[PDB]
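Given next, in structure tokens, is a single chain: the form deposited in one PDB entry.
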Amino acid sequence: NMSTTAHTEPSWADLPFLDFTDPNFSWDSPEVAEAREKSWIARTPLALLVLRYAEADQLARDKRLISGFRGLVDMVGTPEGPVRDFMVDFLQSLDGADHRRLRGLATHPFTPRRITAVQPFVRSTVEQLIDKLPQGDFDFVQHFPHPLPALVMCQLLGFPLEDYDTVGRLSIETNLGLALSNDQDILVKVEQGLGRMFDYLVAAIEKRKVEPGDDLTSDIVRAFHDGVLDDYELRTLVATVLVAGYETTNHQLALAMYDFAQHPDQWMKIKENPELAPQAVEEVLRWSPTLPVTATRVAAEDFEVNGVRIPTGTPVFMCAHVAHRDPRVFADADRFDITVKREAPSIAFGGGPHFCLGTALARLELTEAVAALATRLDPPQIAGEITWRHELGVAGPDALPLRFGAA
């Protein structure tokens, strides 16, 4: 598909080739930096890959580039079932009128007022998790970046807080990163992963249809009562928020510690001036985004951008990780430095109408965590095997063993 298109497009002839599906591929490879230097966009086996900051934002907003997933499902050849249904009907797959309708129902808790309102819960959750941290070598994931976003997710969606372990486990086991797989045995455990999480969600939704609260599930239920969306759209929307809201926030917090394990001097600088936390979080998002590939799109028509023809059906992926090290935008881009007040933000949350719904909540959880950890604890250092997810498009430890302080 990408190979047949390449043989038909003269504007693709000088584009560098990057095989990110390869098991030994690194985003920090000198091959990748060369490709960005040579071209704003690269050829991959699955998609065109945008490597520069300016164009990554441009194309993430371009109306001629439809929001991905529907195109990737047909090309792979996913059979009809619970997996395909979710991958074609969930928020990231929709565009136009249906997208604005369904997204608008889940936008209220992410307004600047509601982020302020939920902030005390986030702060006290962080505080409590630090209080009960082990003194020696421990998995940072198990003891902090798993419980934190899980508890916040339970608070947001109106689940009992005691279910944070179950809720987080139900979010991981869905395995959306392996939903576009060609294998059947893989697609079966994705089907069963979704089913089990939907079993929890359906119970919580019908509970809200009789006794609603101040939570997000209650608000989407109000829209169901008003006939804005049906029952299928209800549980799909609540599922999307949940799955998206846990795993990447988890991984991002782990990546934050991994970064400061390499730069303990900068950790101490946050300890001195805790106000550096938001700037530090932005540097973590720039240097090590949990999603190195952010916005995924498919061309809905033949069009041209910056000298490159993009035919209908061509997948285009925005490579935020590489765009974050663009020297056209970032000074000393290949160095982790939290002390630099940067004009341009990270683009870790995509762009366009599909931009991360939980952007502000994600930044809140990251800031509250980094501020409190750096104030209260000594710099982290790695204490064993980091189990990186060998999954295409996602960066993050499944387990991060560490200690805070040498002694």
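Superpose the two forms; the largest set of C-alphas matching within 1.5 Å is the rigid core. A residue's number is simply how far along the shown sequence it sits, counting from 1.
The discussion below concerns the form deposited in another entry, not included here.
S.K.: Superposing on the core, which single option in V329, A223, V308, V76 has a CA shift of 2 Å or more between this form and the one not shown?
M.R.: The residue that shifts is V76.
S.K.: Please check if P16 moves between this form and the one not shown, taking a CA shift of 2 Å or more relative to the superposed core as movement.
M.R.: No; that C-alpha moves by less than 2 Å between this form and the one not shown.
S.K.: Does superposing the core leave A399 with a CA shift of 2 Å or more between this form and the one not shown?
M.R.: Stays below the 2 Å threshold, so no.
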